[PDB]
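> once you've seen the sequence and the experimental structure below, I've got questions.
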Amino acid sequence: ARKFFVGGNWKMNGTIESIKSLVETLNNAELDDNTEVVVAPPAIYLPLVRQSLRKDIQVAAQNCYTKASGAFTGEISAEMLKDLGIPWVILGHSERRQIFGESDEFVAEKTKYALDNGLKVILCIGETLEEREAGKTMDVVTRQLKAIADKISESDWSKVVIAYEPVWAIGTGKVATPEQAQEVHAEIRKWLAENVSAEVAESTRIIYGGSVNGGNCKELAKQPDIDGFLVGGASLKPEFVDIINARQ
Amino acid sequence: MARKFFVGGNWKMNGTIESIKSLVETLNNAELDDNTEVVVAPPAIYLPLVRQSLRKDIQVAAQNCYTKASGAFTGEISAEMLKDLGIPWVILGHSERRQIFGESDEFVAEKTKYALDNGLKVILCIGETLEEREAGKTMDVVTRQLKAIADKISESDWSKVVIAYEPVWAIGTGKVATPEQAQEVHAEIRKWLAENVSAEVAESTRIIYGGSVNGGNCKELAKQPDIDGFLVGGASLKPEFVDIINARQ
């Protein structure tokens, strides 16, 4: 059985005070023992969160670069994350692919480098509304996955969670239907079976992201190839706990 | 003139907890010229540690920030987070962000205006590539990059700006500009400021040089009249950073 996985990406939000309050809310929450929970604060708040958050929730960075060190003003290395005791990193998120132009190869290089230096990776993929309307959903997400698959080894995949996030569902309030999400997750898993291995396909979590909230997460969690969620803005609000508990 | 000598240390993507403690300890124990304004810029994940432990006469800079107060910008740091952490400075427009991460002049200008409006001071980086200099475009490039900021900010905003001229061909290459080459561009930048902002902004804005500066060449550069200090890359991780802070004594 694939362990249910809920990631909370806080994006560019938070102060010391509101993050202390948010961590307090998590430290007091009754969480489904069967969910693996990860939260991703802003880089500058990674020490505050790692020091004070309950140890059964792990911490992620929101981005990292491709080299161990160097003349890369404004970038964080996977080595700094490991030095600070941050075990996860979100990579390839739609906001970085679009606003900051990160290419499929760039995201692949980050993934390979993060995995080789001890990090676990939430790998984000997903098609735009235009690509869907053109009938290109599968072509796009498999192209995005293939860039990673061509660089990492079969055993690397054990440290990867795949987040499928339709760009048209991110922050828009237009959630994929359970049938739409399931169709793409099933096709991602089939692709993994035919290009990496059956074992990778069977064991890799494929989580869904894009306007997941308290009211729709339970039905989404019932789908057989949906292994959890990547949550954006709801991750800052108390309904993050309901989403963690979507299998109850 | 009355322009206070300014030395900025950009650590870029370098450091661990232990190597940063040692770097800060070395700075904390140094004898530093009282007339030098010193700023150091750690990776964002180390901003708390450095701000907590560094002697308070050295201020701290972030190496970048975004254009908005908050929102759905995975991987970005805002000006508000910086003020919340007590980080008073930010470096914007560094060549590496222009060339590797595609930051436009306007994008840099947006960040510059937003930082200044939310209580930050800005080290603003400008500079021409080797190929632009070979087409005789040095002045055109650096004034174009400056004008994008000037079109957005007010005359009083400039009191919180330090301009760092870094010829891209001098960054990390070991090919430092000669004192004459640096002085020529700094004079042109200051002339541009007098013609397009005001005489007073021209007279008071620090224009600092960056590019392969080290303990062995900083004193001669600091003698040039329109060079008001340094933005130091690789040498800011080493003890000779102290010697650069002390380049005028």
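It's in. Numbering: from 1, shown residues only, chains lettered A, B, ... in the order given.
> C-alpha from now on. contacts and neighbour counts both.
Fine.
> just give the closest residue to the residue located most distally from the centre of chain A, not the sequence neighbours.
In chain A, the greatest distance from the average C-alpha position (CA atoms, centre = their mean) is reached by residue A:71, at 27.9 Å. For residue A:71, ignoring the flanking residues on the chain, the nearest one in space by CA to CA, 6 or more residues apart in numbering or on different chains is residue B:12 at 5.5 Å.
> start and end of stretch A:64-71, how far apart?
For stretch A:64-71, the first-to-last residue distance is 14 Å (CA to CA, to the nearest Å).
> list the buried residues in it.
A:64, A:65, A:66, A:67, A:69, A:71 (16 or more other CA atoms under 10 Å in any protein chain shown).
> where does the second one sit, in terms of helix or strand?
This points to residue A:65. Remark: residue A:65 resides in no helix or strand, with elements defined by DSSP states H and E.
> now for it: which residues touch it?
A:75, A:76, A:77, A:78, A:110 (CA atoms under 8 Å, 6 or more residues apart in numbering or on different chains).
> Serialize those to a markdown table and add fields for neighbour count and secondary structure.
Putting the contacts of residue A:65 into a markdown table (neighbours: other CA atoms under 10 Å in any protein chain shown; DSSP: H, G, I helix; E, B strand; the rest coil) gives the following:
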| residue | neighbour count | secondary structure |
| --- | --- | --- |
| A:75 | 23 | coil |
| A:76 | 25 | coil |
| A:77 | 26 | coil |
| A:78 | 29 | helix |
| A:110 | 23 | helix |
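> thinking residue A:86 is in contact with residue A:59, fair?
Yes - Residue A:86 is within contact range of residue A:59, at 5.8 Å (criterion: CA atoms under 8 Å).
> so which bits of the helix of greatest length in chain A are buried?
Of all segments of type helix in chain A, defined using DSSP state H, the longest is helix A:178-195. Neighbour-count burial for helix A:178-195, counted by 16+ other CA under 10 Å, picks out A:178, A:181, A:182, A:184, A:185, A:186, A:188, A:189, A:190, A:191, A:192.
> what of stretch A:121-129?
In stretch A:121-129, counting by 16+ other CA under 10 Å, buried: A:121, A:122, A:123, A:124, A:125, A:126, A:127, A:128.
> now, which of those lie within strands?
Using DSSP state E, A:121, A:122, A:123, A:124, A:125 are the members of the buried residues of stretch A:121-129 that sit in strands.
> can you tell me which of those comes closest to chain B?
residue A:124 (11.7 Å; CA to the nearest CA).
> quickly list what the closest one is bridged to.
Applying DSSP bridges to residue A:124 yields these beta-bridge partners: residue A:163.
> these two touch, right, it and residue A:94?
Yes - contact criterion CA under 8 Å: residue A:124 and residue A:94 qualify, at 7.2 Å.
> shared neighbours, these two?
residue A:165.
> tell me where chain A has strands.
Assigned by DSSP E, the strands in chain A fall at A:4-9, A:35-40, A:57-61, A:88-91, A:120-125, A:160-164, A:206-209, A:228-231.
> list the residues that contact residue A:90.
Residue A:90 sits next to A:40, A:60, A:61, A:62, A:63, A:121, A:122, A:123, A:124 when contact means CA under 8 Å, 6+ apart.
> ok, now with 6 Å
Neighbouring residues of residue A:90 by CA atoms under 6 Å, 6 or more residues apart in numbering or on different chains: A:62, A:63, A:121, A:122.
> same thing with residue A:39?
Residue A:39 neighbours (CA under 6 Å, 6+ apart): A:7, A:8, A:9, A:59, A:60.
> which of the residues you listed sits closest to chain B?
Using CA to the nearest CA, the contacts of residue A:39 come closest to chain B at residue A:9, 7.8 Å.
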